[PDB]
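A single chain comes next, written as structure tokens; it is the form deposited in one PDB entry.
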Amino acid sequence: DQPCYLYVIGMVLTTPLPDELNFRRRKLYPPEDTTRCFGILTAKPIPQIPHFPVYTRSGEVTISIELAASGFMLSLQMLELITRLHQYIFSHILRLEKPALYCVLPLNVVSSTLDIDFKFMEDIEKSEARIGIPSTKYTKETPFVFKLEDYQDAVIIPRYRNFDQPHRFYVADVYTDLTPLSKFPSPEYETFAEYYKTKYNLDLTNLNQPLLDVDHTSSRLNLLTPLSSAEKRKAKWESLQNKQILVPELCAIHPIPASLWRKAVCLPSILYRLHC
């Protein structure tokens, strides 16, 4: 077997988005606030490259590619696991056929010290929300239980539509003053519970849970720099998507945390820069 090189893709939010530019009124998420990040595993050294910006939703992020380890070996089993996850990142999370517009892999702390997050990779592979919508069995006697902690750093998908390609959302807010019995913003339905019952024939087992504000996960491919009728229509679609209020019981939590998802969307730009 040939020896490996491991690089960390360092990310720091060096210029937070100014208020005048925060049109979608998002929270800002510095990548450096969470330890799990991405790295690159290669058989060749990567030539030294200067720091460069990607322009994300939260502002300008400085990217630095730094050597974490070299000269070590990995077993075939681990290389295959890493390979599957690289493919997973581009085919299932970003849904992209051309990663650069050798293997990206997750790194995490073992104690302020970055290494390949094998456990995280294994958890992904075991997740029932790994690809699509996981089965659930909420009944009156075994109802849905809302745990706030599970929604703090979550990406969620609706369990009740778009089965072939689910819409993924960041949880942007937890509305504790709302429940499924809150008033529905349309004269056609009295409550959120009635909407989901009438539209989808969905029953709820928990009428006390808070509701959720969401932010679509969609990102443009090239973030290396900071109009039309069609772009207008798309912008209007994204606005309505972001006005949606969802019911936790009716959604599934994706195994990839929001904090890591926010970093993943930078990957195509970074690989493009490295290759071109």
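Only the largest set of C-alpha atoms that superpose within 1.5 Å between the two forms is called the rigid core. Residue positions are given as counts along the sequence shown, with the first one as 1. Only residues modelled in both forms are compared.
Omitted here: the form deposited in another entry. The next part is about that form.
Put simply, after the core is superposed between the shown form and the other one, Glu128 is the one residue in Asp150, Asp203, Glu122, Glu128 with a Cα shift of at least 2 angstroms. Inter-residue distance, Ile133 to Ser127 (Cα): reduced by at least 3 Å in the other entry versus the depicted form. In the other entry, the Cα positions of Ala129 and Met78 lie at least 3 Å nearer to each other than in the form displayed. Remark: 128-136, 233-236 are the runs between the shown form and the other one in which three or more consecutive shared residues have Cα displacements of 2 Å or more on core superposition.
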